[PDB]
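Reviewing the structure listed below.
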There are 2 protein chains.
Amino acid sequence: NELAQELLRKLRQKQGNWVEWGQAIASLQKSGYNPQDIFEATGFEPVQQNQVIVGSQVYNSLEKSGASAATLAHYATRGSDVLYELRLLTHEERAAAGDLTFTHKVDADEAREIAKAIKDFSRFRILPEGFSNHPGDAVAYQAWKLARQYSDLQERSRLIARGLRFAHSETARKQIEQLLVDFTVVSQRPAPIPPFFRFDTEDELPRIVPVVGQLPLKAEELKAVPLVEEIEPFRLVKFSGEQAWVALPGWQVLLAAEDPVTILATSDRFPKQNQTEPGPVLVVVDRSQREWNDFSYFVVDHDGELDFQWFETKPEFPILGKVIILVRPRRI
Amino acid sequence: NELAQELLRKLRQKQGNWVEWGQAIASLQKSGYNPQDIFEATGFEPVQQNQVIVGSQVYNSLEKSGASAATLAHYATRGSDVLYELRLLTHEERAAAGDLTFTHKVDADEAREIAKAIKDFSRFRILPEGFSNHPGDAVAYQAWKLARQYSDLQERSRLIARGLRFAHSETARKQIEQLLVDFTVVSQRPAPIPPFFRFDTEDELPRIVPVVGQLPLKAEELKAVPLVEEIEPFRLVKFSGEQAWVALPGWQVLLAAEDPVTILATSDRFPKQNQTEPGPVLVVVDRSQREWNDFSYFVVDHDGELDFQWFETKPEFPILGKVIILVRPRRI
């Protein structure tokens, strides 16, 4: 192209300000370039790629939601690592935090904690006594609650100083001043361990498979079913129209299948195998397996309708797919 | 009601012809009555319930697709077990088979084989030499190919007689007459064993779970996601609009969940657990678990947007669901 080589050139030189870079890197992902592609062409590491996209998204919130014009001048050319740490905030509480981080000329580590403070503090419908919702009070409320847990050292003083540096309101300053008179512990309980599961390396994950419908069915109905694209990293499946789905185990032949599809039918569509009576069967076919052979079953276009047969001799026919799985319903 | 007690009464008396019964039993399933309900009220066993629904569906094809008026007179009051065995045929080849089964006054076992013959024979684009597509020739072609495999007994004669009884065309009669002169084997290979899988009793099946979207998200987006109804016997899921899906393992807490929903997010929405860096996490919440407690995490309406927090004290809030699963993407 022409705009796909000029954007990459700007990044290769680090021409503009970092905000520009973040938008250029947005524009390349938008148009197909993965992190690894961009690092090949430009110098940009993929860590720094992510930092500046998100960083610019934050800077955008700093613009839309009304931070100081002095703030924007500073963060337009510097402080991508800092704005990146405000990512989990909201647009409105980003502009507030950004004004605060400019004011106190804050490095990225300290801004990570400022952001933690601002979120912890916005989980109050009724606010703590003496503290307002200005992020200075919020990071001062954090300095308050932390200093009380310590009972021993000059760390109390260091944290009391912090709270006084940051606090916005007079009421919060005095709430903090009280800790120079009042020496008691209030310790806090640690947060509960969240319910983590690990996908086991040693066994296989399930696969979601589309479902055309119950036989009797028409050849057009099967061919109208799109191929499914699993969206990494969690193998999601998004789809727009009407559809039915089934989640099946990760059998080897099913993970293998390039394009599988499910058809509900009965066991008497196939040769009777033992003595048991005709019941419901779930049939999986791979549409991308259409070469004949004499040991397997296939879905065929039987003049406008779907049918499962087998073949002793190469058929003068179109084969729509190959049957890879037959399964009866789970027991009682 | 009033029409839900009069239909059941007609079945309780066996008032009309069996075709009527099949439609009445259709009408009760249409309006909520399961097989077991109907057997409680009427005498009708649920085997005979199924036979007469399907049977009447076949009889319907006998009408639409133009069988003899004499046939319909016979099958209107008799022969439900016979028409049931023609179920896997098509509308057009049902009327043909029905004319044939009337003509030869055939019991249900023999009609099961007539139907097998008619389907095997319609898998020919080019037909066998001497045989037409009239079902008489088809069941005669079956008698032909079977008699050749035997080389020994009067079973050849019995089968030759059958073929001559049924055959429609003169050309097929002579194809069969030849087997009184010509005594050779042509044996046929048995059909391949189809690829059967059994759902293992001893381990758990996967569960398909809806996906709202990637945080940041709005409280309305989660509440607009319907509950999912798994359609037995294969736990299908059908849905009309736009939706995203994920198939997760059958963990105990997930099968338990009455109404689970998936939210994509990052690990730094929760307390940092070990040293590892913030990555993507998949979050499962049960919307039907909204009672507070101090050992777990919940999704809350944070003034119009979704948020995961925990609680030391009962919150003056609405809880939208409880977090039951956190999982990172599968390893490399």
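Where a number appears in this text, it was derived from the coordinates with a stated rule and is not lab data. All Cβ positions, even for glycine, are placed from backbone atoms using ideal geometry, and neighbour counts span all protein chains on display.
Helix B:3-13 axis versus longest C-alpha principal axis of chain B: approximately 40°, rounded to the nearest ten. Considering segment A:72-155 at the alpha-carbon level, its Rg and Dmax are found to be 13.6, 43 Å.
Summing +1 for each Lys or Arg and -1 for each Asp or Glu, what net charge is found among the other residues whose Cβ lies under 11 Å from the Cβ of B:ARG235? Result for the neighbourhood of B:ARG235: -1. Sequence-ordered 3J(HN,Hα) estimates for segment B:213-225 from the Karplus curve with 6.51, -1.76 and 1.60 and θ = phi - 60° stand at x, 7, 3, x, 8, 9, 4, 5, 4, 5, 6, 7, 8 Hz, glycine and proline given as x. Distances from A:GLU40 to itself in the other copies, using label points 7 Å out along the Cα-Cβ axis, amount to 6.8 nm in increasing order. If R0 is taken as 60 Å, the Cβ-Cβ distance between B:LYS14 and A:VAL47 corresponds to a FRET efficiency of 0.15. Across the alpha-carbon set of chain A, the Rg to Rh ratio works out to 1.20, Rh being the Kirkwood radius. For A:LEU255 and A:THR276, what is the calculated FRET efficiency with R₀ set at 35 Å and r taken between the beta-carbons, to the nearest 0.05? Between A:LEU255 and A:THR276 the formula returns 0.75. Between A:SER296 and A:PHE317, take the C-beta separation as r, use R0 = 22 Å, and let me know the FRET efficiency to the nearest 0.05. Computed FRET efficiency for A:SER296 and A:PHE317: 0.90. Note: segment A:201-247, Cα convex hull, 93 Å³ per residue.
Computed over segment A:203-332, the percent of Cα pairs more than 23 Å apart is 34. With the Cα gyration tensor of segment B:157-207 in hand, give its eigenvalues times 5 under a square root as the equivalent ellipsoid semi-axes, listed largest first in whole angstrom. Taking √(5λ) for each Cα gyration eigenvalue gives 47, 15, 9 Å. Close amide H contacts of B:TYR297 (hydrogens built in the peptide plane, cut-off under 5 Å, sequence separation of 5 or more or a different chain): B:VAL323.
With K and R counted +1 and D and E -1, the other residues having a Cβ less than 10 Å from that of B:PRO249 yield a net charge of -4.
Full extension of the chain between A:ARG173 and A:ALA4 yields a length gain of 55.5 nm, computed as 0.36 nm times the residue separation minus the alpha carbon distance.
If you line up the long axis of helix A:18-30 against the longest principal axis of chain A, both from Cα atoms, how many degrees apart are they, to the nearest 10? Relative to chain A, helix A:18-30 is tipped by roughly 10 degrees. Against the empirical curve 2.2 N^0.38 Å, the C-alpha radius of gyration of the protein assembly as shown lands at a ratio of 1.38.
Across peptide A:279-290, the average count of Cβ atoms from other chains found within 10 Å of a residue's Cβ is 1. Neighbour counting of Cβ atoms within 10 Å sorts the residues A:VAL139, B:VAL284, A:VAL281, B:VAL106, fewest neighbours leading, into B:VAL106, A:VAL281, B:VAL284, A:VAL139. Ranked for footprinting exposure by Cβ neighbours inside 10 Å, fewest first, A:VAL209, A:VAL253, A:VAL285 give A:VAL253, A:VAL209, A:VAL285.
Working from label points 7 Å from Cα in the Cα-to-Cβ sense, the A:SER157 to A:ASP107 distance is 2.3 nm. Every helix of 4 or more DSSP H residues in chain A counts as -39500 (n - 2.57), and over all residues that averages to -12000 deg cm²/dmol at 222 nm.
When both segment B:4-53 and segment A:183-230 are represented by their alpha-carbon centers, they are found 41 Å apart. In degrees between 0 and 90, to the nearest 10, how far off the longest principal axis of chain A does helix A:46-64 point, with axes built from Cα atoms? Approximately 60 degrees, to the nearest 10. Net charge in the neighbourhood of A:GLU312 (other residues with Cβ under 14 Å of its Cβ; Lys, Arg +1, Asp, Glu -1) is +1. Tell me whether segment A:3-180 comes out rounded, prolate or oblate; compute the Cα gyration tensor, take square roots of the eigenvalues as a ≥ b ≥ c, and use a/c under 1.5 as the rounded threshold. Prolate is the answer for segment A:3-180, as a/c is 1.5 or above and a/b outweighs b/c.
Please state the relative contact order of segment B:1-127 as a whole percent: Cα pairs under 8 Å, 6+ residues apart? Once normalised by length, the contact order is 22 percent.
For segment A:254-284, the residues whose amide N sits under 15 Å from a probe point set 7 Å from the Cα of B:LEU205 along the beta carbon direction are A:263-265, A:280-284. The charge dipole of segment B:3-180, taken about its Cα centre with unit charges on the Cβ atoms of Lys, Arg (+1), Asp and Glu (-1) only, comes to about 160 debye.
Within segment B:3-180, how many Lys pairs that are eight or more residues apart, or on different chains, come under 19 Å at the alpha-carbon? Step by step, the pairs that qualify in segment B:3-180 add up to 5.
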